[PDB]
Structures are given as structure tokens and as C-alpha cells.
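Here's the structure we're looking at; comments come further down.
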2 protein chains.
Amino acid sequence: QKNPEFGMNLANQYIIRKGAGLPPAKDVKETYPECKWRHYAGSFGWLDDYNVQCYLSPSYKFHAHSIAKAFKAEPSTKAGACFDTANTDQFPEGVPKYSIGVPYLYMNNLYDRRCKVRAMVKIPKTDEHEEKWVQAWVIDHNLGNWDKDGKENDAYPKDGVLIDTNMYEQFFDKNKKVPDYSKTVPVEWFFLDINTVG
Amino acid sequence: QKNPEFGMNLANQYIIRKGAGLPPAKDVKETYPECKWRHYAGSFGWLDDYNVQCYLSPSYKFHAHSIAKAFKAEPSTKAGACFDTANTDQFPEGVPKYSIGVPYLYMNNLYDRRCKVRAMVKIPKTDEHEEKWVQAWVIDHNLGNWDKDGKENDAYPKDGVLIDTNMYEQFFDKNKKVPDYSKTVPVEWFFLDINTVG
């Protein structure tokens, strides 16, 4: 099976060629200004200016900048929102090397769930490693309704993401690890195979 | 199961209230000008200005304007690209009342196949009926590499769609049916639950 079916291998452009030869990346918030966290009919949700549900499609041209919490990947391969979705092309057996979970800002849970799809995630330079992009898999959905410090509230926007605990510790210098995962970390990422906004 | 999970019932706004109150539609081509039919590594494909595969996400704000041919819906409930995709919420048993098939301009066949998703399709005024919007289901993929008159070529853009034979005959006046299905028809449509571009 040829993968990608058409065009350049984008993942290798980031992983082997460090993102060279690509346009300056904009922020995915710019693709849909009216996609806001709104109240309607007794719920909060991601709604546009006509109260139609919306969600964002971050791509290599429009990266997401999210506040992440850690999660333990292995349980989401046995339970959760994605584990019984049909396997997609090259989806790993076992636990993916890099795993994320995404909230309603980035999916529709009835018709566009984005379970078992690929995402590129940037791990910034630390004193242990150069900055690097990695190819991760979506293996669960999450709420993500926390503020910058991780405080959760039912009225807060559902926009935070989850990154697996091993990845998470790679965001910190040798002597700044967070063994109880109590700190949020900012994460820049996008969907590797979704490219629908110019 | 609440459906849509958030926000207003968009299908009813078109089916019952004819689209009233909604913004005048634009054309989905404006959402991705650099998504073009290009040649790369021995194949034609929908590719952007960096040779990355792309596809369009027409919504109620950004309608697709396509050239359609007729197809027989029932065989695509038993074989084809979609019939064995997991059923989605409210997907009909048996043959949907209105069915379409879509090409690579509008999907990614590995990770965003848009099988068994909902689309709104406009059926134009004829001498038999008023203009009306109907809620259809995607039940197959198609090639769609024909020009505006239906002539097919391996190098032509894969952008035409399929509409079922019963919808097709509704595009024609009482005494102007096309029983050999040789005539294409222009169709305006969008994805009912995909709303990712402002």
C-alpha cells in the first residue's frame, strides 16, 4: 500500500529533513475565527457564529499550539474512545511509540472522530536532545478543559490535549523531570494527513 | 444520542426552512486555492504547492459545485469502498433514501475516507417540483475524471461525483428524462457535519 497515496512523504520531510523547504507555519486558530467556545441549548461546545458545531483541522501549514497533560498510553489501547476503531494503515500493534489524545476542538465524535490517525508533534530542544518532530498516533479522546496551569472546570474550553508519559518527560531538561506529571506542557502539533485549508 | 451533539440542527434549517437566515454560500474552491490537480512521482493527484496531498471540506458556508453522473445505489451497499465501514449514527439499514459517491478531491482514502457520512444536496427546480435540499449519505468512492460533458480520461481531474438514479431523474423535467443516463448534471452540495473553515 503506497502511503501517502499521492505526493511527498511529509513525515520524512519533518523527521529526516528537519522541516526544511516548507512554508512558514501559521496557527490553526487563524483558519476559523468564528469557531468559539459558546453556550447553546444547555451545553457549552465549539460552535460557529450561526451556532453550528465546528472543529479545527491543524495541518503542516496551520499548527496547533495546545496546553497538554500527560497520560498513560497503554490503557487507551485497551479501553477508551478509540481502541475499537478499525485499524488504519500502518497503525501499530501494541502501544504506539508516541501517542496523543485529542478533545472536541479537533474532532466530531459522531462522524469525524480522528481515532487512530497520525499526528506530528514537536519536542523542543533540551539539554538531552535536539529539537525533533515525531510521528504520533491519536489513541483516545479527552476533555482538555483546563487552564494554563492545569486547573479543570466544566465551563472551560475543551482545547487541551494528552501526550503519553514517556513523550511528556522528553519535554524537560535532565534535572527538570516531573515524575508525578503535575505540570502542564505546551505542545505544537498538527494532523499529518489532513491538509484541507489554504 | 443527541445529534448533532452541539448546536443547531443544520439539516432541518435546509430541509424545512430552505436555508433561510444562513449566510450566502461561497465556493469551497476559495478555501484552498493551491489545492490543484498536479503530477508527481508518476501519478496525477490533488496536491498543494509543496506537493503534499490535499482534499476539500465543503460545508454549509462553502458549497461544492460538481459535475455528477448517475449510479445505482443498492450495489454500493453490498460492495465498493464504503459498504463495510462501521455504521455511523442514524446510518440507514438497507438503501439510503438519497446516496452519493465522492472522489479524491474530497477525501483521503487511508485516513479520512468520509464513508457513511451525511451530505446536503440541492435538487434544482423542474416542472415537477420546487427546488429542495435533501440529506444524502456517502456510500461509495468514485473516480470522477470526466469533463463537464462526461468524457472520461485518465489524466483529467478526479472531481466529479455520483448521485443515485432516483435523484438523477429529479434533475430533469417530466418529459426530458434521460433513460440511458448519458447526460451529466451540475450538482451543488456540502458535507452536513464538517465545518472546519471560516
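In the C-alpha cells, the first chain shown is A, the next is B, and so on; residue numbers restart at 1 for each chain, and ligands run from 1 in the order shown.
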
Near residue 123 (chain B), counting only C-alpha atoms, which residues have an atom at most 10 Å away, once you skip same-chain residues fewer than 5 positions from it, shown as number ranges by chain?
B: 129-134, 167-168, 170-172, 186-189

Find the residues near residue 34 (chain B): any atom within 7 Å, counting only C-alpha atoms, skip ones fewer than 3 places away on the same chain, and give them as a compact mmCIF listing (two decimals) with N, CA, C and O atoms, in the first residue's frame.
# COMPACT_ATOMS: atom_id res chain seq x y z
N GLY A 198 -6.13 26.25 2.89
CA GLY A 198 -5.04 27.02 2.32
C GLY A 198 -4.70 28.30 3.13
O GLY A 198 -3.53 28.74 3.01
N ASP B 48 -0.91 20.17 -3.17
CA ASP B 48 -0.81 21.59 -2.92
C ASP B 48 0.48 22.12 -3.55
O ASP B 48 1.14 21.44 -4.36
N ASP B 49 0.85 23.35 -3.19
CA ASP B 49 2.04 23.99 -3.77
C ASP B 49 3.35 23.47 -3.20
O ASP B 49 4.40 23.94 -3.62

With chain A held fixed, move chain B onto it by a least-squares fit of all C-alpha atoms in order and give the output as a compact mmCIF listing (two decimals) with C-alpha atoms, in the first residue's frame.
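And here's superposed_33.txt as it stands now:
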# COMPACT_ATOMS: atom_id res chain seq x y z
CA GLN B 1 -0.15 -0.04 -0.23
CA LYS B 2 1.39 3.30 -1.22
CA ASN B 3 1.31 5.71 1.74
CA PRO B 4 0.80 8.60 1.21
CA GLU B 5 -1.24 7.59 -1.80
CA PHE B 6 -0.28 10.78 -3.64
CA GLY B 7 2.47 13.31 -3.34
CA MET B 8 5.53 13.66 -1.16
CA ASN B 9 6.27 11.85 2.12
CA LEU B 10 5.52 14.73 4.52
CA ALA B 11 6.49 12.86 7.72
CA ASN B 12 10.02 12.28 6.41
CA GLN B 13 10.35 15.95 5.49
CA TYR B 14 9.86 16.75 9.20
CA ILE B 15 11.57 13.74 10.81
CA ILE B 16 14.59 13.50 8.55
CA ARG B 17 14.89 16.99 7.04
CA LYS B 18 13.55 18.98 10.03
CA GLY B 19 10.79 20.65 8.05
CA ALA B 20 13.21 22.38 5.65
CA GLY B 21 11.76 23.92 2.49
CA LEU B 22 8.23 24.02 3.82
CA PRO B 23 6.37 27.35 4.31
CA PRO B 24 6.68 29.06 7.72
CA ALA B 25 3.87 27.71 9.85
CA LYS B 26 0.71 29.65 10.70
CA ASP B 27 -1.70 28.99 13.58
CA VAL B 28 -4.77 26.82 12.98
CA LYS B 29 -6.87 29.36 14.92
CA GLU B 30 -6.60 31.66 11.85
CA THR B 31 -8.41 29.06 9.72
CA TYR B 32 -11.71 29.49 11.65
CA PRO B 33 -11.92 32.73 13.70
CA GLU B 34 -15.64 32.25 14.49
CA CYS B 35 -15.11 28.73 15.89
CA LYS B 36 -15.40 29.59 19.59
CA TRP B 37 -16.28 28.06 22.96
CA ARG B 38 -19.96 29.04 23.24
CA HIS B 39 -23.06 28.12 25.25
CA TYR B 40 -26.16 26.73 23.51
CA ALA B 41 -29.22 24.73 24.67
CA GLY B 42 -27.76 24.02 28.10
CA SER B 43 -24.23 23.00 27.03
CA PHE B 44 -20.88 24.55 26.24
CA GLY B 45 -19.36 23.49 22.95
CA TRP B 46 -17.25 24.53 19.99
CA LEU B 47 -19.76 26.50 17.92
CA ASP B 48 -19.54 28.96 15.07
CA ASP B 49 -21.35 32.30 14.63
CA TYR B 50 -24.58 30.49 13.60
CA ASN B 51 -24.45 28.06 16.56
CA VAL B 52 -23.33 25.17 14.30
CA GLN B 53 -20.83 22.76 15.84
CA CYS B 54 -17.31 23.31 14.47
CA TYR B 55 -13.82 21.79 14.91
CA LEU B 56 -10.33 22.59 13.61
CA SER B 57 -8.12 20.75 11.10
CA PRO B 58 -4.47 21.65 11.89
CA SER B 59 -2.09 20.72 9.07
CA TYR B 60 1.57 21.25 8.28
CA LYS B 61 0.63 24.78 7.10
CA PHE B 62 -1.56 25.55 10.15
CA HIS B 63 -0.15 24.13 13.36
CA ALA B 64 -2.10 23.72 16.62
CA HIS B 65 -0.54 25.22 19.77
CA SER B 66 -2.06 23.40 22.74
CA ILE B 67 -1.55 22.95 26.49
CA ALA B 68 -0.90 19.24 27.18
CA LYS B 69 -1.11 16.94 30.17
CA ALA B 70 0.53 13.50 30.38
CA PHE B 71 -1.44 10.28 29.98
CA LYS B 72 -0.64 6.59 30.12
CA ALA B 73 -0.84 5.29 26.53
CA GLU B 74 -1.17 1.57 27.12
CA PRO B 75 -4.61 1.64 28.84
CA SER B 76 -5.98 3.61 25.85
CA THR B 77 -5.02 0.69 23.58
CA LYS B 78 -7.40 -1.49 25.56
CA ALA B 79 -10.33 0.88 26.40
CA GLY B 80 -11.42 4.45 25.73
CA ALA B 81 -12.79 6.31 22.73
CA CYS B 82 -10.60 4.80 20.00
CA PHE B 83 -9.25 1.34 20.89
CA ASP B 84 -12.02 -0.49 19.00
CA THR B 85 -11.92 1.72 15.88
CA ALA B 86 -10.82 -0.29 12.82
CA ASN B 87 -7.03 -0.29 12.44
CA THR B 88 -5.82 2.10 9.75
CA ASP B 89 -2.84 1.75 7.43
CA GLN B 90 0.43 1.22 9.34
CA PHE B 91 -1.32 1.54 12.70
CA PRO B 92 0.93 -0.31 15.21
CA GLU B 93 0.07 -3.48 16.98
CA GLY B 94 0.54 -2.98 20.68
CA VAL B 95 1.42 0.49 22.00
CA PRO B 96 2.48 3.22 19.50
CA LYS B 97 5.92 4.69 20.06
CA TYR B 98 4.30 8.17 20.40
CA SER B 99 0.63 8.62 21.37
CA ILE B 100 -1.72 11.55 21.89
CA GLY B 101 -5.35 12.15 22.79
CA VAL B 102 -7.44 15.01 21.41
CA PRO B 103 -10.55 16.96 22.52
CA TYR B 104 -13.71 18.25 20.79
CA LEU B 105 -11.84 21.31 19.42
CA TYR B 106 -10.30 18.85 16.91
CA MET B 107 -12.93 16.18 16.17
CA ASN B 108 -16.63 15.36 15.84
CA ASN B 109 -17.41 12.37 18.02
CA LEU B 110 -20.18 11.00 15.80
CA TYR B 111 -18.77 11.34 12.29
CA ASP B 112 -15.13 12.53 12.24
CA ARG B 113 -13.57 11.03 15.33
CA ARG B 114 -9.94 10.99 14.10
CA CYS B 115 -9.20 7.77 15.99
CA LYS B 116 -5.99 5.98 14.94
CA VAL B 117 -4.84 8.84 12.70
CA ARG B 118 -1.32 10.23 12.49
CA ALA B 119 -0.13 13.52 14.02
CA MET B 120 3.27 15.21 13.93
CA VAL B 121 4.30 16.54 17.36
CA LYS B 122 7.23 18.84 18.08
CA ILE B 123 9.39 17.94 21.09
CA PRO B 124 11.39 21.03 22.14
CA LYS B 125 15.14 21.23 22.65
CA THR B 126 16.25 20.33 26.19
CA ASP B 127 19.65 19.73 27.69
CA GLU B 128 19.19 16.05 26.71
CA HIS B 129 18.34 16.30 23.01
CA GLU B 130 17.82 18.58 20.06
CA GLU B 131 14.42 19.82 18.94
CA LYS B 132 12.72 17.10 16.93
CA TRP B 133 9.43 16.28 15.22
CA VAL B 134 7.95 12.81 15.88
CA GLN B 135 5.10 10.95 14.22
CA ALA B 136 2.44 10.09 16.81
CA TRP B 137 -0.95 8.30 16.70
CA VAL B 138 -4.27 9.50 18.15
CA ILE B 139 -5.39 6.69 20.47
CA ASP B 140 -8.03 8.42 22.62
CA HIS B 141 -10.22 11.46 23.14
CA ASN B 142 -9.90 13.67 26.18
CA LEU B 143 -11.71 16.57 27.82
CA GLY B 144 -8.88 19.11 27.91
CA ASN B 145 -10.89 21.74 29.85
CA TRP B 146 -7.96 23.13 31.79
CA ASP B 147 -6.38 26.58 31.80
CA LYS B 148 -2.73 27.05 30.90
CA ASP B 149 -1.63 25.81 34.36
CA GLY B 150 -3.77 22.65 34.38
CA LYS B 151 -6.70 23.81 36.55
CA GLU B 152 -9.82 22.08 35.23
CA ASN B 153 -13.37 23.45 35.15
CA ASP B 154 -16.60 22.22 33.58
CA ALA B 155 -17.07 25.62 31.86
CA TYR B 156 -13.53 25.90 30.41
CA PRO B 157 -12.86 25.42 26.66
CA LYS B 158 -12.26 21.80 25.74
CA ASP B 159 -8.95 22.48 23.93
CA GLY B 160 -6.09 20.76 25.85
CA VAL B 161 -4.47 17.56 24.51
CA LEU B 162 -2.84 14.49 26.08
CA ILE B 163 0.69 13.25 25.26
CA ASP B 164 2.10 9.98 26.52
CA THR B 165 4.27 9.84 29.64
CA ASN B 166 7.47 9.09 27.73
CA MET B 167 7.05 12.06 25.38
CA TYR B 168 6.10 14.19 28.39
CA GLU B 169 9.38 13.59 30.21
CA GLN B 170 11.23 14.55 27.01
CA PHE B 171 9.86 18.09 27.41
CA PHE B 172 12.06 18.57 30.51
CA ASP B 173 15.79 18.90 31.19
CA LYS B 174 17.70 15.97 32.75
CA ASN B 175 17.26 17.25 36.31
CA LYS B 176 13.86 18.92 35.92
CA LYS B 177 11.58 15.92 35.42
CA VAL B 178 8.11 16.10 36.99
CA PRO B 179 7.41 12.64 38.49
CA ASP B 180 3.93 13.51 39.70
CA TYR B 181 2.89 14.76 36.22
CA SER B 182 1.40 17.91 37.69
CA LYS B 183 2.93 20.40 35.24
CA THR B 184 1.33 21.13 31.85
CA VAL B 185 3.51 21.70 28.79
CA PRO B 186 2.83 23.70 25.60
CA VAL B 187 2.80 21.43 22.57
CA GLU B 188 2.86 22.29 18.88
CA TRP B 189 1.36 19.66 16.58
CA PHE B 190 -0.75 19.01 13.51
CA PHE B 191 -2.52 16.20 11.69
CA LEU B 192 -0.07 14.53 9.32
CA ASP B 193 -2.61 13.49 6.67
CA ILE B 194 -5.26 16.26 6.90
CA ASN B 195 -4.59 19.12 4.46
CA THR B 196 -7.89 20.80 3.67
CA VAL B 197 -7.31 24.56 4.19
CA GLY B 198 -5.08 26.96 2.26

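Taking region 42-177 of chain B and asking which residues DSSP calls helix (DSSP H, G or I) on the backbone, you get residues 74, 75, 76, 77, 104, 105, 106, 165, 166, 167, 168 and 169 of chain B.
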
Take the selection from the previous step and output its residues with N, CA, C and O atoms, as a PDB file, in the first residue's frame.
ATOM      1  N   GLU B  74     -27.981   0.706  -4.681  1.00  0.00           N
ATOM      2  CA  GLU B  74     -28.043  -0.556  -3.946  1.00  0.00           C
ATOM      3  C   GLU B  74     -26.775  -1.408  -4.051  1.00  0.00           C
ATOM      4  O   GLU B  74     -26.319  -1.915  -3.008  1.00  0.00           O
ATOM      5  N   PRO B  75     -26.148  -1.580  -5.209  1.00  0.00           N
ATOM      6  CA  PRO B  75     -24.895  -2.357  -5.238  1.00  0.00           C
ATOM      7  C   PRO B  75     -23.801  -1.802  -4.338  1.00  0.00           C
ATOM      8  O   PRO B  75     -22.990  -2.586  -3.825  1.00  0.00           O
ATOM      9  N   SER B  76     -23.720  -0.469  -4.155  1.00  0.00           N
ATOM     10  CA  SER B  76     -22.747   0.117  -3.236  1.00  0.00           C
ATOM     11  C   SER B  76     -23.113  -0.049  -1.762  1.00  0.00           C
ATOM     12  O   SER B  76     -22.276   0.305  -0.931  1.00  0.00           O
ATOM     13  N   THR B  77     -24.288  -0.622  -1.421  1.00  0.00           N
ATOM     14  CA  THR B  77     -24.491  -1.066  -0.041  1.00  0.00           C
ATOM     15  C   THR B  77     -23.989  -2.481   0.185  1.00  0.00           C
ATOM     16  O   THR B  77     -23.973  -2.957   1.321  1.00  0.00           O
ATOM     17  N   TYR B 104     -11.399  11.662  -4.942  1.00  0.00           N
ATOM     18  CA  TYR B 104     -10.251  12.060  -4.114  1.00  0.00           C
ATOM     19  C   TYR B 104     -10.175  13.561  -3.860  1.00  0.00           C
ATOM     20  O   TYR B 104      -9.453  13.968  -2.951  1.00  0.00           O
ATOM     21  N   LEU B 105     -10.860  14.403  -4.661  1.00  0.00           N
ATOM     22  CA  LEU B 105     -10.899  15.836  -4.322  1.00  0.00           C
ATOM     23  C   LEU B 105     -11.447  16.052  -2.908  1.00  0.00           C
ATOM     24  O   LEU B 105     -11.099  17.046  -2.251  1.00  0.00           O
ATOM     25  N   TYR B 106     -12.270  15.120  -2.406  1.00  0.00           N
ATOM     26  CA  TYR B 106     -13.000  15.334  -1.162  1.00  0.00           C
ATOM     27  C   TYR B 106     -12.710  14.307  -0.074  1.00  0.00           C
ATOM     28  O   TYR B 106     -13.443  14.276   0.918  1.00  0.00           O
ATOM     29  N   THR B 165     -29.755   7.038  -8.948  1.00  0.00           N
ATOM     30  CA  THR B 165     -30.537   7.150 -10.174  1.00  0.00           C
ATOM     31  C   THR B 165     -31.849   7.864  -9.919  1.00  0.00           C
ATOM     32  O   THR B 165     -32.357   8.562 -10.812  1.00  0.00           O
ATOM     33  N   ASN B 166     -32.403   7.732  -8.698  1.00  0.00           N
ATOM     34  CA  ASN B 166     -33.677   8.384  -8.417  1.00  0.00           C
ATOM     35  C   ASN B 166     -33.505   9.890  -8.264  1.00  0.00           C
ATOM     36  O   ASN B 166     -34.325  10.671  -8.783  1.00  0.00           O
ATOM     37  N   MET B 167     -32.451  10.326  -7.546  1.00  0.00           N
ATOM     38  CA  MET B 167     -32.126  11.747  -7.503  1.00  0.00           C
ATOM     39  C   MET B 167     -31.842  12.283  -8.893  1.00  0.00           C
ATOM     40  O   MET B 167     -32.309  13.358  -9.259  1.00  0.00           O
ATOM     41  N   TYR B 168     -31.100  11.517  -9.691  1.00  0.00           N
ATOM     42  CA  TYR B 168     -30.720  11.955 -11.025  1.00  0.00           C
ATOM     43  C   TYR B 168     -31.926  12.333 -11.860  1.00  0.00           C
ATOM     44  O   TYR B 168     -31.936  13.396 -12.492  1.00  0.00           O
ATOM     45  N   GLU B 169     -32.965  11.488 -11.860  1.00  0.00           N
ATOM     46  CA  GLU B 169     -34.122  11.761 -12.705  1.00  0.00           C
ATOM     47  C   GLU B 169     -34.907  12.967 -12.189  1.00  0.00           C
ATOM     48  O   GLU B 169     -35.624  13.614 -12.977  1.00  0.00           O
TER      49      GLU B 169
END
